Amino acid sequence: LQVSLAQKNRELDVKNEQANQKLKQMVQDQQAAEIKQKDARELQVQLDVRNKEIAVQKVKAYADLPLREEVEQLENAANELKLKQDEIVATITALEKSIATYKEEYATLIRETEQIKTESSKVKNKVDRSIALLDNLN
């Protein structure tokens, strides 16, 4: 029973490194996405200026009613954007999910590690407990 438990302790080391490895991939696979997020978040913010800007002038000039044509221009500009926003808000969701699953996955790979660590433990005790038995029997 000493041989087998030293064996299974091996089946664990590997089981654990195959996961302890893949888990490293997750960090350099989720930190990646997060970057886009934080990055592309700067854009949603940045371009937020424009809509809020182009917004007020619309209000003003529309009441103040080249103005006409100039206003035709604000309406288009705010359109170029309105579109380019739905553009990044879709880009944000892209990661939002992509990244939120890496978590649900990390957490899962964590459970696998936790279960492994414990097994290894419950085996060490049994092995330690066999070294005592062998010795008293000998």
# chains A, B, ... in the order shown; residues from 1 in each chain; ligands from 1

$ residues_around --residues "residue 75 (chain A)" --least-positions-apart "3" --cutoff "9 Å" --atoms "only C-alpha atoms" --output "ChimeraX atom specification"
/A:54-55,58,71-72,78-80

$ write_last_selection --atoms "C-alpha atoms" --output "mmCIF file, in the first residue's frame"
data_model
loop_
_atom_site.group_PDB
_atom_site.id
_atom_site.type_symbol
_atom_site.label_atom_id
_atom_site.label_comp_id
_atom_site.auth_asym_id
_atom_site.auth_seq_id
_atom_site.Cartn_x
_atom_site.Cartn_y
_atom_site.Cartn_z
ATOM 1 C CA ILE A 54 -21.414 67.971 -30.588
ATOM 2 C CA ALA A 55 -24.526 67.587 -28.389
ATOM 3 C CA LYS A 58 -26.905 71.033 -31.681
ATOM 4 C CA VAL A 71 -25.716 72.536 -38.249
ATOM 5 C CA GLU A 72 -26.303 69.984 -41.019
ATOM 6 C CA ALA A 78 -22.721 63.100 -34.322
ATOM 7 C CA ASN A 79 -23.834 60.375 -36.748
ATOM 8 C CA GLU A 80 -20.287 59.368 -37.751
#

$ residues_around --residues "residue 70 (chain A)" --least-positions-apart "4" --cutoff "9 Å" --atoms "only C-alpha atoms" --output "number ranges by chain"
A: 61, 66, 74

$ closest_residue --among "A:32, A:77, A:65, A:5" --to "residue 50 (chain A)" --atoms "only C-alpha atoms"
A:77

$ atom_distance --atom1 "CA of residue 56 (chain A)" --atom2 "CA of residue 87 (chain A)"
22.5 Å

$ atom_distance --atom1 "CA of residue 43 (chain A)" --atom2 "CA of residue 73 (chain A)"
22.7 Å

$ residues_around --residues "residue 22 (chain A)" --least-positions-apart "4" --cutoff "12 Å" --atoms "only C-alpha atoms" --output "PyMOL selection string"
chain A and resi 15-18+26-29+102+105-106+108-110+112-113

$ residues_around --residues "region 34-37 of chain A" --least-positions-apart "2" --cutoff "7 Å" --atoms "only C-alpha atoms" --output "list in words"
residues 30, 31, 32, 39, 40, 41, 92, 95 and 99 of chain A

$ write_last_selection --atoms "C-alpha atoms" --output "mmCIF file, in the first residue's frame"
data_model
loop_
_atom_site.group_PDB
_atom_site.id
_atom_site.type_symbol
_atom_site.label_atom_id
_atom_site.label_comp_id
_atom_site.auth_asym_id
_atom_site.auth_seq_id
_atom_site.Cartn_x
_atom_site.Cartn_y
_atom_site.Cartn_z
ATOM 1 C CA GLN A 30 -7.073 37.046 -19.350
ATOM 2 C CA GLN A 31 -4.615 39.818 -18.461
ATOM 3 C CA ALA A 32 -4.412 40.181 -22.254
ATOM 4 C CA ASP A 39 -7.715 50.255 -23.264
ATOM 5 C CA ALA A 40 -11.033 50.282 -25.197
ATOM 6 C CA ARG A 41 -12.599 51.731 -22.046
ATOM 7 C CA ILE A 92 -16.421 46.202 -25.011
ATOM 8 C CA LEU A 95 -14.103 41.144 -24.027
ATOM 9 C CA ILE A 99 -12.851 37.977 -19.963
#

$ atom_distance --atom1 "CA of residue 10 (chain A)" --atom2 "CA of residue 126 (chain A)"
14.6 Å

$ closest_residue --among "A:100, A:89, A:116, A:132" --to "residue 45 (chain A)" --atoms "only C-alpha atoms"
A:89

$ residues_around --residues "region 117-124 of chain A" --least-positions-apart "6" --cutoff "12 Å" --atoms "only C-alpha atoms" --output "list in words"
residues 1, 2, 3, 4, 5, 6, 7, 8, 9, 10, 11, 12, 13, 14, 15, 16, 17, 19, 20, 110, 111, 130 and 131 of chain A
